[PDB]
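Structure first, then comments.
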Amino acid sequence: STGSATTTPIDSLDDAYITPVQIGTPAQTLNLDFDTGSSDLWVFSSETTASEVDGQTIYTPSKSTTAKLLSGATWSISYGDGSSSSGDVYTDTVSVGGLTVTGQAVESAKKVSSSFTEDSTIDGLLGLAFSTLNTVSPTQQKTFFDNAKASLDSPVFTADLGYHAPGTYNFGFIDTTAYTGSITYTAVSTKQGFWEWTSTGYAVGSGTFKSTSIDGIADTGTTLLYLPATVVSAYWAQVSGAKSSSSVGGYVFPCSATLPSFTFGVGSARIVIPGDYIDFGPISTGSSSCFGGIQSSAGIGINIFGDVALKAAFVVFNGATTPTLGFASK
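What follows is the structure, encoded as structure tokens:
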């Protein structure tokens with residue numbers, strides 16, 4: 001089997017991407033944030049505290065003939081940005097882009113933090129990291145990908161995120177028309193439950209490539225590119241007037257600037273992030289200070305290849321017995 005679904009930016013900055021997902025019978029379509037940095041499929045629901053729902057589409061398990069309470073199961077998750085959600089669990093039929101899983105754990109939110117309430121465009125998350133990170137207790141649950149894997153033509157999914165444009169998540173096949181050149185594969189460590197890999201270095205603009213190992217995670221659920229302070233300082237040093245602002249919460253730059261590209265290494269291959277991808281616009285409406293798309297990971301504890309980086313590539317998440325990650329230009 002295979003699946004193919006379009007993913008669409010939620011706003012003009014590509015702050016996140018939403019992908020339609022069919023849950024239950026008859027289908028209830030919710031727009032979920034596919035997140036390769038977590039492993040819970042959770043939804044706004046008929047159980048979500050009413051004051052914490054503001055425009056989202058909800059899953060109502062009582063309207064699904066295939067929903068069943070997973071008795072005694074609860075879940076609670078905290079994300080790197082300080083957001084959180086929690087609740088109980090149903091099993092139901094879930095389909096993505098024509099690919100159907102029966103008995104998928106659908107985590108129904110009873111509570112969500114303010115960041116989720118305030119984002120009317122995101123109806124929940126679909127985790128695509130390793131199932132060892134799933135938060136369901138007392139019986140940990142499998143991700144959609146893990147449940148689908150054995151039925152897939154090939155045990156893979158791919159992320160092809162757009163810059164200010166829709167893109168695609170495919171399951172079970174590699175679309176050889178969606179990228180240019182060849183795919184370079186690189187080793188993954190699953191020890192922390194993430195798609196964790198080691199980049200071979202970086203360049204700033206037209207500068208020379210610096211060969212250096214950068215361990216980090218491929219995380220579709222994180223907007224920006226978070227790298228070591230040394231690397232980030234080297235990048236922003238090439239933008240006149242750029243500075244790290246503790247009041248804003250990271251590097252800012254004059255909105256009048258032309259940003260240089262940023263290149264990262266995948267083995268002997270190179271992925272170029274155009275400068276425009278690194279512009280996140282005015283810090284507040286009308287400001288001439290703009291927010292940077294490359295930020296320091298210092299104090300996160302991990303480097304994060306978020307959307308800024310991933311959208312410059314066609315990315316293969318290979319879930320074979322020995323997992324790997326593939327990157328191609330596009």
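Once you know that position 143 of the sequence shown is 143 in PDB author numbering, the rest is easy, because the numbers rise by one and skip nothing.
For each residue, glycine too, the CB sits at the ideal point set by N, CA and C.
When you compare the CB positions of residue 294 and residue 215, do they come within less than 9 Å of one another, or not?
Position 294 of the sequence shown, counted from the start, is the residue given in the question as residue 294. Position 215 of the sequence shown, counted from the start, is the residue given in the question as residue 215. Cβ atoms of residue 294 and residue 215: not closer than 9 Å.
With DSSP as the reference, label residue 310 as helix, strand or coil.
For the purposes of this step, residue 310 is identified with residue 310 of the sequence shown, where counting begins at 1. In the structure shown, residue 310 adopts helical secondary structure according to DSSP, grouped into three states.
Do you know offhand how far residue 24's Cα is from residue 66's?
Locating residue 24 in the sequence shown gives position 24, counting from the first residue. Locating residue 66 in the sequence shown gives position 66, counting from the first residue. One Cα belongs to residue 24, the other to residue 66, and the distance between them is close to 6 Å.
From 279, 266, 268 and 133, residue whose alpha carbon lies closest to that of residue 259:
On the sequence shown, position 259 is the one that residue 259 refers to. The candidate whose alpha carbon is nearest that of residue 259 is 279.
Which residues in the same chain as residue 272 place their Cβ atom closer than 7 Å to its Cβ, once the five residues preceding and following it in sequence are excluded?
Here residue 272 corresponds to residue number 272 of the sequence shown, with the count starting at 1. Correct list, in chain order: 261, 263 and 312.
Is the stretch 319-326 touching the stretch 275-292 in the sense that three or more CB pairs, one from each, lie closer than 8 Å?
The stretch 275-292 is not in contact with the stretch 319-326.
Does DSSP classify residue 182 as helix, strand or coil?
In the sequence shown, residue 182 corresponds to position 182, counting from 1. Three-state result, residue 182: coil.
Given a cut-off of 9 Å on the beta-carbon distance, is the pair residue 63 and residue 319 in contact?
Numbered from 1 along the sequence shown, position 63 holds the residue referred to as residue 63. Numbered from 1 along the sequence shown, position 319 holds the residue referred to as residue 319. No; because the gap between Cβ atoms is not below 9 Å, this pair is not in contact.
Is the Cβ-Cβ distance between residue 305 and residue 189 less than 9 Å?
On the sequence shown, position 305 is the one that residue 305 refers to. On the sequence shown, position 189 is the one that residue 189 refers to. No, the pair does not count as a contact, with Cβ atoms beyond the cut-off.
Does the distance from the CB of residue 184 to the CB of residue 82 come in under 9 Å?
The residue given as residue 184 occupies position 184 in the sequence shown. The residue given as residue 82 occupies position 82 in the sequence shown. Taking 9 Å as the cut-off, the beta carbon of residue 184 is found no closer than this to the beta carbon of residue 82.
Roughly how many whole angstroms lie between the Cα atoms of residue 174 and residue 97?
As a working mapping, residue 174 is identified with position 174 in the sequence shown. As a working mapping, residue 97 is identified with position 97 in the sequence shown. Each residue's alpha carbon lies about 15 Å from the other.
Neighbourhood of residue 193 by C-beta, 6 Å cutoff - its chain only, sequence neighbours within 5 removed:
Counting from one through the sequence shown, the residue named residue 193 turns up at place 193. So the qualifying residues of the chain are 129, 130, 132 and 133.
Compute the Euclidean distance between the alpha carbons of residue 317 and residue 40, then round it to the nearest angstrom.
As a working mapping, residue 317 is identified with position 317 in the sequence shown. As a working mapping, residue 40 is identified with position 40 in the sequence shown. One Cα belongs to residue 317, the other to residue 40, and the distance between them is close to 17 Å.
Buried or exposed, going by whether 16 or more other CB atoms sit within 10 Å of the CB of residue 269?
Here the question's residue 269 lines up with position 269 in the sequence shown. Residue 269 comes out buried.
Please return the same chain residues whose Cβ sits closer than 6 Å to the Cβ of residue 224, not counting the five positions on each side in sequence.
For this step, residue 224 is matched to residue 224 along the sequence shown. Within the same chain, Cβ atoms closer than 6 Å to the Cβ of residue 224 are found at 293, 295, 306 and 308, the five residues on either side in sequence being excluded.
Segment limits, alpha helix (DSSP H) that includes residue 11:
For the purposes of this step, residue 11 is taken as residue 11 along the sequence shown, with counting starting at 1. Unbroken run through residue 11: none, as it is neither H nor E.
Give, in chain order, every unbroken run of the beta strand (DSSP E) that is at least 3 residues long and sits entirely within the stretch 180-256.
Segments of the beta strand (DSSP E) lying fully in the stretch 180-256: 184-187, 196-204, 210-218, 225-227, 243-245 and 250-254.
Spatial neighbours of residue 135 within its chain, please: C-beta separation below 7 Å, excluding the five flanking residues on both sides.
Along the sequence shown, one-based indexing puts residue 135 at 135. 40, 75, 76 and 77, listed in sequence order.
So, using beta-carbon positions, are residue 34 and residue 125 closer together than 9 Å?
As a position in the sequence shown, residue 34 is number 34, starting the count at 1. As a position in the sequence shown, residue 125 is number 125, starting the count at 1. The Cβ atoms of residue 34 and residue 125 sit closer than 9 Å to each other.
Just checking my contact of residue 56 with residue 44 at CB under 8 Å: how many whole Å lie between their CB atoms?
Locating residue 56 in the sequence shown gives position 56, where the first residue counts as 1. Locating residue 44 in the sequence shown gives position 44, where the first residue counts as 1. Indeed they touch by this definition, with Cβ atoms about 4 Å apart.
Please work out which residues of its chain come closer than 6 Å, Cβ to Cβ, to residue 289, disregarding the five sequence neighbours upstream and downstream, and give them in chain order.
Taking the sequence shown and counting its residues from 1, one reaches residue 289 at position 289. Here the set comprises 252 and 283.
DSSP beta-bridge partners of residue 85
Here residue 85 corresponds to residue number 85 of the sequence shown, with the count starting at 1. In the DSSP output, where bridge partners are listed per residue, residue 85 has 77 and 112.
Enumerate, from N- to C-terminal direction, the unbroken beta strand (DSSP E) stretches of 3 or more residues contained entirely within the stretch 265-325.
Counting only runs of 3 or more, we get 269-273, 279-282, 289-292, 294-296, 303-305 and 314-318.
So what does DSSP say about residue 160, is it helix, strand or coil?
Along the sequence shown, one-based indexing puts residue 160 at 160. Three-state result, residue 160: strand.
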